[PDB]
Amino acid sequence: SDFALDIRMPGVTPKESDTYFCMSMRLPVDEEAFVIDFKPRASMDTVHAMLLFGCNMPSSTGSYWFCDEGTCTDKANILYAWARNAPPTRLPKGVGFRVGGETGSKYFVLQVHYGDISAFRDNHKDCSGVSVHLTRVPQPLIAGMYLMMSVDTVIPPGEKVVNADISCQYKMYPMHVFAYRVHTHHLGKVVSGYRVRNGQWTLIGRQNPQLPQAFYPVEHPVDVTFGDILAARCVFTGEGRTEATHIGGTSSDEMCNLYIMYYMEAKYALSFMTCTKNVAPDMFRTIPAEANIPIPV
């Protein structure tokens, strides 16, 4: 019934720091399949991050391309992401990302963001990637991904604390949140995500981004529903920096990401949602104190 797909780079070798390689893999069937596990084949000393997308039109036809060219032409739904030697990610029973079928993606696209060019003095060839475990047994609970991401953060040099706040109004069919992944680069201290319902903040996740950036389970899994606000804060420092630090594509720039894995009932399910905004900036007046206390490793 099941099968696995090994999505690995074809022996690539970067020639400069912060190089982004992308490749695609066709789903071997067109009928409906479900992704239930993710096993990364990758290490921090070479790879800054991987992202895995579902789509129907990959941005190029070659064995691999530079990701500046695009990931997918159509909507690239994020399935999975990885960074700091995170262990495998396994979905709760009855839950899988839905691919193939009339509705679903026919291609995976893998982005690998390689780190420092030191790791290739060697000139070795790289086969980093993910192995994915699909099943054709229909799952009643379809997983999707909600990405909260900052696009305007400036971290002035040396400032002890900078908060980066992300908030969107939730207006879709009910989702049920069960795991999360936080991401920053070297300046990030703690990253927190919340569901805010009538002034009451309900923790989704709180993690140190310097720990392996796994999909950690949501301690008390929670419904997010029409009318709610989803809110996240990354706490940064400017210490150890000469100039301002901007949001960017290299390991010396910053990023504030919260990835929330959710499920929905098959019939009304959505794959991928996005917040790159801060709609409700004064709402953070009452964010809990825990969002600015660091998690001591």
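Numbers for residues come from their place in the sequence shown, where the first is 1.
Look over 217 to 225 and 164 to 172 in the entry and identify the one with the greater average Cα temperature factor.
For C-alpha atoms only, the mean B-factor is higher in 217 to 225.
Compare the mean C-alpha B-factor of 279 to 287 with that of 9 to 17 as given in the PDB entry, and name the stretch with the higher value.
Taking the mean C-alpha B-factor of 279 to 287 and of 9 to 17, the larger value falls to 9 to 17.
Would you mind finding, among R181, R195, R90, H113, the residue with the largest C-alpha temperature factor in the entry?
It is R90.
Given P28, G248, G54, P58, identify the residue with the highest C-alpha B factor in the PDB entry.
The C-alpha B-factor peaks, among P28, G248, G54, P58, at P28.
Split the chain's modelled residues into thirds by Cα B-factor; is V95 in the lowest, middle or highest one?
Its C-alpha B-factor belongs to the middle third of this chain's values.
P157's Cα B-factor: lowest, middle or highest third of the chain?
CA B-factor rank for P157: highest third.
For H133, does the deposited CA B-factor place it in the lowest, middle or highest third of the chain?
Within its chain, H133 is a middle-third residue by C-alpha B-factor, going by the deposited values.
Within this chain, which third does the Cα B-factor at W82 fall in: lowest, middle or highest?
Lowest third - that is where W82 ends up once the chain's C-alpha B-factors are sorted.
By the record's CA B-factor, is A76 among the lowest, middle or highest third of residues in the chain?
Lowest third of the chain for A76's C-alpha B-factor.
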